[PDB]
Each structure stands twice: as structure tokens, then as C-alpha cells.
Number of protein chains: 2
Amino acid sequence: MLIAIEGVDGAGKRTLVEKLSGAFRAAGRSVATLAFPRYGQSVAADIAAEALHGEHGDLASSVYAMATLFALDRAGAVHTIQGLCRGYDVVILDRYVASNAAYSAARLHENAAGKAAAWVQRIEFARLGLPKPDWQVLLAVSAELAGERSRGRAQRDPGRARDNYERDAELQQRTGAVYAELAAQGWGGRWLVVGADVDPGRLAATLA
Amino acid sequence: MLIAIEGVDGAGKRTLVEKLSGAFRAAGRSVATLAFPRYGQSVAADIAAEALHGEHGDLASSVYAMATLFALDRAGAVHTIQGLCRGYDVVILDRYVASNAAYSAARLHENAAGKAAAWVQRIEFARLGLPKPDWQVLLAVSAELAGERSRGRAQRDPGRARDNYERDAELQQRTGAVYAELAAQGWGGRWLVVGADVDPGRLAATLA
Ligand SMILES: Cc1cn([C@H]2C[C@H](O)[C@@H](COP(=O)(O)OP(=O)(O)O)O2)c(=O)[nH]c1=O
Ligand SMILES: Cc1cn([C@H]2C[C@H](O)[C@@H](COP(=O)(O)OP(=O)(O)O)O2)c(=O)[nH]c1=O
Ligand SMILES: [Mg+2]
Ligand SMILES: [Mg+2]
């Protein structure tokens, strides 16, 4: 079973992945996890992050260039994802294809039924062959709270300074809205919308 | 021995690669060839070409995004290039790293001592580990003649319509100028500047 955890920056995805993995293991299922971007394992991922931190000229100014880099990162992980799914009962991803649809649409002020989301579908699922997730869990959080979390992280960790997207409050808001739309239409597969107070035990029961 | 053939669009590079390979083989040396972009073998290469033909939103509008895609294409060919060099006496490339420096600098109206060329050096040779060529041969041709060749190709081949770069006469001119500068400074290694009337036999003798 392939599960992807989605949400804006500072929504609490990493923590949910930890809690969910614990819940699945408590139920006797083997679990494997993978997070995108795969910094260090993909040149595309590293360049993307660096661009969001002010490097690489005009790269970050292009919505499709950034989306392409994240897609190329996932493209290189197809084998890994396929291998993990045939080796573990559950594979949980911290961000997946929907992140690209949500952020790209939001940067262009488009909705989930727009051009960017459709492009992501065509490129990542059809062309690159990335498997569609059995479940996509949207960790919906107030834009204000998520932004506060991102800022707090930068304050206590010199290695966690915010990037161009995280510093854009309006972008984060629009991204949360597109995510809600993607979930409602079942973009890429079935979705579940949860809050910061979701019970890991029952969530795992719903997914497993 | 690693040799890269460089020059603007329609300079006659493909033909020179053929003639040069023939000359080397006539001298008893084994020869292998590779052309960049590696269309069909790299998702990055294909997306780059498609972007230059009007697809993928705002991707082509970013100079660094395009350069990154071509660099990612070559990155995936490192093993191949290394394998070919230890298996053949001569390895000839139709375009290599210098193409990225020349076109990127030209799109930004920079010279060979500019920011873009230095970025290409840092990213492709140092970071990605691409081997520096023993020789880089610049097939210098009049901007007018090269442009005429590109146009003629599109006229007789429906599968060879010109792209965004080829349609930009001024860009092609500036690119030729940056190439001349790169050769004069020995950017990335030793260069040889030849014309359309260069003798394949003697050129091979100089290189081999
Ligand atoms: C994985 C992914 C991330 N992004 C965005 C969301 C984030 O702002 C940013 C990087 O992802 P994120 O997981 O936030 O990484 P970091 O720890 O570096 O903050 O890029 C996309 O636009 N598309 C994608 O496919
Ligand atoms: C290989 C390469 C090409 N280019 C440019 C030169 C050409 O205009 C274009 C594509 O290369 P080209 O060899 O002309 O391919 P095609 O047969 O599709 O015309 O992109 C770069 O800017 N950087 C690179 O590294
Ligand atoms: Mg982030
Ligand atoms: Mg061309």
C-alpha cells in the first residue's frame, strides 16, 4: 500500500509520518518511508532547493522549471518506490506528486482544474510512470499556524532558513486551497483530509 | 582521447563528426561517438527540446532552467562517457559542456568571462564530475550561413522545425562570439578553431 502525506510547509507532515509509521508497526505491518525532495540522492532536488534559497540565476522564477526538477527527482526514485512496495506492507511518502500540482497551480494563481495540475498529471504519472498512491492524506492546517511553524524552525535551526516559497504567505495560502480542491476531486487517487489532532491509531486503521 | 565538437546551430557539426570519425578509423583508431542532447535517453533532454518548441509553460524563459536540463542530461551520461573512453581510442562528442556556457552567456548578453560560463564550469565539471575534454573543436561559421542551414533543414524535414534558439538570429550571433572567446581562453581545455573547409585527415592528425 502506497500512502502519500501532503500539505503546506510547516503543516506537520514529518511528524505525522512518524506517528503513522508507529501506528502501522503497532498493528504488525512492515513500514518503509521516503521523503521528497530526496536531497543528496538527486542533483535535481539539490539544485531546486538551492534555487529556492537564492542560487542558480533565474531558475526559481520559472514555475515549470521548478516543477520539472521535482519531477526529475521522483523519476529517479521510481525503482526505489516500486521495490519498497513489493518489500513492505506499507510505504509512506512525505510529499509526492500532488505537492507539485498544488504549489505549481498556486504560483500561477490557478485552481486544481487548471493547466499546471493537468501538466503534472501528464508528466509524472503517465510519462514518467510514477505509481499513483492508494491514499493521499492532506494534513490541513491554518495558513497562519503553518507559517508560524516554518518561522520557528528557522529561528532554532541555522540549517533551516526559510526558502522563497515559505516566505510567500499568499502562496502558502493559495497552495492550501488548491490542496483542498485536489482532495475533493480525488486527484491522483483517493484522499483523506485530517487535522493536526488526528488520531494516528484510527488513521492507520482507515488506511491499512 | 575525448574530443568535443562545438559550434552554433547549423554550423555543420554532425557532418564534421562523421568525417572526423572516418579519418580516425582510416588511421587505425577505434572511434565511438555520442551527441548531446541525448534525446530519448534522458527525460531532461526531451523536456528541454519540447520547451524550445513551445511546450512546458515558462520553462524555456529561464536561462538557468534550460542550462540545468542540459547539464542533467550529461550527468546521466557520465558512466557512458567514462566507459567509452576506456574502451575506444577516441571518443567524439557532438556538443558538450561548452555548448551550455556559450548559449547561456549569449542569452544573458554576457561574455565568456561572465557569470553563466563560470556557473557551467562549477556545476558540470566540478559538481557533476563530467570529464574535461582533451580537445574542443570550434567549427566557426558565418552567422548568416549557419542560419540558412537551419532554415533549409526545416524546409525539407517536417521533423526538423526550428526551435526558439534557432529562430533567434541575434542569439546565434552572440553565441558564435562567446564560442570564439571560450576558444581563445582555452575554457575547459585546449581548443582548435576550424572552418567549414577544414581537412578531416589533417584535423584528425592534430587531435590524435
Ligand atoms: C516535493 C515538492 C516540493 N515542492 C515545494 C514545497 C516546498 O516549499 C519546497 C521544498 O519542499 P519541502 O518538503 O518543504 O523541503 P524543505 O525541507 O527544503 O523546506 O518546494 C514543490 O513545489 N513540488 C514538489 O514536488
Ligand atoms: C547540448 C546543449 C544544447 N543547447 C542548445 C543549442 C541548440 O539551440 C539547442 C538544442 O541542441 P541541438 O544540438 O541544436 O539540437 P536540435 O537537433 O534539437 O536542434 O539547445 C544548450 O543551450 N546547451 C547544451 O548543453
Ligand atoms: Mg519547506
Ligand atoms: Mg539545433
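Residues numbered from 1 in each chain as written, not as in the entry; some residues may be left out. Chains lettered and ligands numbered in written order. Heavy atoms only, no water. Residues with missing side-chain atoms left out of burial classes, pairs and counts.

The deposited coordinates derive from X-ray crystallography, with the record listing a resolution of 1.55 Å.

Residues and elements named next belong to chain B. Those protein atoms acting as donors to the magnesium ion (ligand 4) are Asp9 (OD) and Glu166 (OE), and they sit at 2.0 to 2.2 Å. Taken together, the residues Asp9 in the loop between strand 1 (2-6) and helix 1 (13-26) and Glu166 in the loop between helix 7 (143-156) and helix 8 (169-185) connect sequence positions 157 residues apart. Owing to a relative accessible area of 14%, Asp9 belongs among the buried residues under this scheme. (Donors = N, O, S within 2.8 Å, 3.2 Å for Na, K, Ca; no water. Helix = DSSP H or I, 4+ residues; strand = E, 2+ residues; numbered from the N terminus. Buried < 20%, exposed > 50% of the residue type's maximum accessible area, 1.4 Å probe, protein only.)

Turning next to the interface of chain B and chain A. The interface of chain B with chain A comprises 21 residues on the first partner and 21 residues on the second. Of the roughly 1600 Å² buried at the junction of chain B and chain A (both faces included), carbon and sulfur atoms supply 66%. Applying the counting rule to chain B against chain A returns 2 salt bridges. Among the salt bridges present, the one from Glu50 of chain B reaches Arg127 of chain A, with a minimum N-O distance of 2.7 Å. The tally of links between chain B and chain A comes to 10 residue pairs in polar contact. For the side of chain B that touches chain A, the element with the highest residue contribution is helix 3 (residues 63-75) of chain B, accounting for 6 residues. For the side of chain B that touches chain A, the per-class residue count stands at 12 nonpolar, 5 polar and 4 charged. (Contact = heavy atoms within 4.5 Å. Buried area = accessible area lost by both parts, 1.4 Å probe. Salt bridge = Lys/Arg side-chain N within 4 Å of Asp/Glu carboxyl O. Polar contact = N/O pair within 3.5 Å; in protein donor to acceptor, adjacent residues only side chain to side chain. Nonpolar A, V, L, I, M, F, W, Y, C, P; charged D, E, K, R; others polar.)

Let us look at the site of ligand 1. Residue and element names in this part refer to chain A. By nearness alone, 14 residues border ligand 1, and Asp9, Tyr39, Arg74, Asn100 and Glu166 come closest of all. One of the side-chain N or O atoms of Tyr39 is found 2.9 Å from an oxygen atom in ligand 1. Between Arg74 and ligand 1, the recorded distance is 2.9 Å, taken from a side-chain N or O atom to an oxygen atom. With the chains in place, 83% of the 540 Å² that ligand 1 exposes on its own is no longer accessible. Examining the composition of the shell around ligand 1, we find that 3 residues originate from one element, helix 5 (residues 97-107), more than from any other. (Near = heavy atom within 4 Å. Areas by Shrake-Rupley, 256 points an atom, 1.4 Å probe, with all protein chains shown as cover.)

Applying the stated criterion across every chain yields a total of 8 salt bridges over all chains. We note a salt bridge from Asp9 of chain A to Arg95 of chain A, for which the minimum N-O separation is 3.6 Å. Taken together, the residues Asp9 of chain A in the loop between strand 1 (2-6) and helix 1 (13-26) and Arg95 of chain A in the loop between strand 3 (90-94) and helix 5 connect sequence positions 86 residues apart. Taking the shortest distance from any N to any O, the salt bridge between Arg38 of chain B and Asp73 of chain B comes out at 2.9 Å. Taken together, the residues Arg38 of chain B in the loop between strand 2 (31-35) and helix 2 (43-52) and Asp73 of chain B in helix 3 connect sequence positions 35 residues apart. Relative accessible area serves as the criterion here: at 8%, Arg38 of chain B is assigned to the buried category. By relative accessible area, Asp73 of chain B is classed as buried at 1%.

Below, the discussion takes up the relation of the copies chain B and chain A. Taken as rigid bodies, chain B and chain A are interconverted by a rotation of 180° and an axial shift of 0.0 Å, the fit giving an RMSD of 0.0 Å. On this basis, the relationship between the two copies can be described by a two-fold rotation axis. A shared binding surface is used by both copies, with 100% of the interface residues of chain B retained as interface residues in chain A. (Least-squares fit on C-alpha atoms.)

Residue and element names in this part refer to chain B. Where helix 5 (residues 97-107) meets helix 6 (residues 115-127), the axes come as close as 8 Å, and the angle between the chain directions of the two elements is 150°. On the basis of the axis angle, helix 5 is roughly antiparallel to helix 6. The handedness of the crossing between helix 5 and helix 6 is right-handed. Along its contact with helix 5, which presents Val97, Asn100, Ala101, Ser104 and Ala105, the element helix 6 presents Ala116, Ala117, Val120, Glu124 and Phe125. For the contact of helix 5 with helix 6, a count of residues per class yields 7 nonpolar, 2 polar and 1 charged. (Axes fitted to C-alpha atoms, helices over the stretch in contact; angles between N-to-C directions. Parallel < 35°, antiparallel > 145°, perpendicular 65-115°, else oblique. Left-handed = near helix turned anticlockwise from the far one by under 90°.)

Here we take up the site of ligand 2. Residues and elements named next belong to chain B. As a structural note, the neighbourhood of ligand 2 is formed by 14 residues, with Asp9, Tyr39, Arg74, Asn100 and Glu166 the closest of them. A distance of 3.0 Å separates an oxygen atom of ligand 2 from a polar side-chain atom of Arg95. For ligand 2, the protein covers 83% of the area, taking 540 Å² as the surface of the free molecule. At the level of elements, helix 3 and helix 5 are the ones that each hand at least two residues to the shell around ligand 2. At 3 residues, helix 5 tops the list of elements feeding residues into the shell around ligand 2. A breakdown of the residues in the shell around ligand 2 according to their chemical character gives 7 nonpolar, 2 polar and 5 charged.

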